[PDB]
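Considered here are two forms of the same protein chain, supplied as structure tokens in two stand-alone entries, structure 1 and structure 2.
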Structure 1
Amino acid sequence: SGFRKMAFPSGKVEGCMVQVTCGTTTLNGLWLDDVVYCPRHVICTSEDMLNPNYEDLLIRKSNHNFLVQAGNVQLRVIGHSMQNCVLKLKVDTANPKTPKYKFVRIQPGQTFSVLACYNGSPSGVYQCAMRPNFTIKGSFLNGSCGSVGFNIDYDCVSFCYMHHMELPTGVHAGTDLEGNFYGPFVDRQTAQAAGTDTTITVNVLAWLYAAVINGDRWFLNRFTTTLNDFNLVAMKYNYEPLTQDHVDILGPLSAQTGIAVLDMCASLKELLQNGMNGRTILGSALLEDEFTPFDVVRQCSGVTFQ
């Protein structure tokens, strides 16, 4: 038993991380097969990141204007193209450690592991969620771009995020592995703001089910609620409205625990209105929203089948 912010094992992604340098710009690349993927802003100088012309910048470059190092061993670039906001660099050697993989574009509320990298080298792993405003609450410094987010399913790595920038609020923005931004953001040093964020209601409910699985039951009450009366309360506390589809995906946890989804909604309603009274739930004084229903089943049972 126990319930932690759990990330996927990072080794399969570590074997893909390389360094990419173009001019006075160095960052991280993802080496899969004979392609290295990386943020297109590697082709900028610092003096030219406010409103760059990537199209011009790219034609002006040749394959020898890209040092790719896999640790110590240079990889010769033999081709270069841009898709949306990523650079694809064709190299002369397929990565022997390329895992089984997919490029996926995730939905807001979905979680993933981030391998934070510097100088093409893995530094740390943590878990986070695509926020409803298409930002992530990451931990990233200068040099971290090209770090990726991923889920693992079987021996299959689903890459979902590549890091590009920090907004002034201290939150992070990036792309899918086809180079398409999550949210209404562009890769330039302009005054962009995220939407006001919201609490991921279905994840809060999933995490109250994890608390019950782990013997933490004090907040369960004898009441029920309708979906609309729940949303009337929840939206007052800046929770996303709960949808029938979200009730549906909670069904397996409801069946496992014997607590009806709208009964768990009743418990959450009372927690929002009354607060916790100095109590905690799985060691938290806040209601956590960065575990999906799948995350709860994986950590509480699925891992034993690894």
Structure 2
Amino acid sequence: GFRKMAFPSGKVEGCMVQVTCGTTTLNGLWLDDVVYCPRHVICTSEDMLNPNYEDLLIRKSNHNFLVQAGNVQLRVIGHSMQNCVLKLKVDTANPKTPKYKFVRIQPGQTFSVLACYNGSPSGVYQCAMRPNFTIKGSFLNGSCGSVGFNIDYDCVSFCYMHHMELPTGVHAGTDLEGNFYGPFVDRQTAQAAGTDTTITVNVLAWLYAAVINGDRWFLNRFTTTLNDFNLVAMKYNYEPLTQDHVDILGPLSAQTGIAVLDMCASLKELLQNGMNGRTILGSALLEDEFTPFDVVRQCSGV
């Protein structure tokens, strides 16, 4: 079976805390003796319309921040702002800190989101960073500071911290250095994303997955150049491939014996001729939120 699968969330659950300033409360990430959270925690609701964060933060001291792990307060002993993230040094090193790294992901890459409220994990689900740098998440009031992550061996790579829901109902946030993905700002104002596109490298990974499972009617006898493929794909609102995309498809190419550019020629035929009422892996829709790594991970184990 093929399912959207999240990483086991326990290593991240052990890092979630609550951060409050005044009556504004959201989630933070407690790693070693530092808590990371969205800087708009320092705003009242009226502040968020047009905030001057530097001005607002110079008014705050360590003793204005309430950090709680459950009902246990963690005393704040220093604070600083890095882009759109606040870092609060606390006096206790988190004994559940996993091995971790901060990463900035590419569009197309997937990650698990641990949706949290008041520092308490509520649910986990899988997301892809869209080409327009939004994610199609599920978030309610109080969810900011929830994080997205991948887990490789035993190391947690944090890649996303949640800040905002756009008018269209999709979501926007930052990496853990506080830099937004996309052309968004943490202000209570209506912001639009670019028109989205289909994640071509993931569609190719899905076609490879179909082949591995014996579903291969769409393989044609042609090949293409990468440049010709990119120029055609863009007319169908598909993303162009990069050299890194070609490389990450390498393992599936080797597993199936189907050259990357041959699969591109097959996809191109699918694009210009349609599916003709046929299905691939049970579906009439091409799936674009499974990466090549997701295909390998779900068809091969951990």
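Here, rigid core means the biggest group of C-alpha atoms that superpose within 1.5 Å across both forms. Just so we're on the same page, residue numbers count up from 1 along structure 1's sequence.
If you assign each C-alpha to whichever superposition fits it better, residue 55 and residue 122 land in the same rigid part between the two structures. Hinge angle between the two structures, smaller rigid part versus larger, from C-alpha superposition: 17 degrees. Relative to the superposed core, residue 50 has its Cα moved 1.1 Å between the two structures. In the core-aligned comparison between the two structures, the Cα atom of residue 259 sits 4.2 Å away from its counterpart. In the core-superposed comparison between the two structures, the CA atom of residue 140 travels 0.5 Å.
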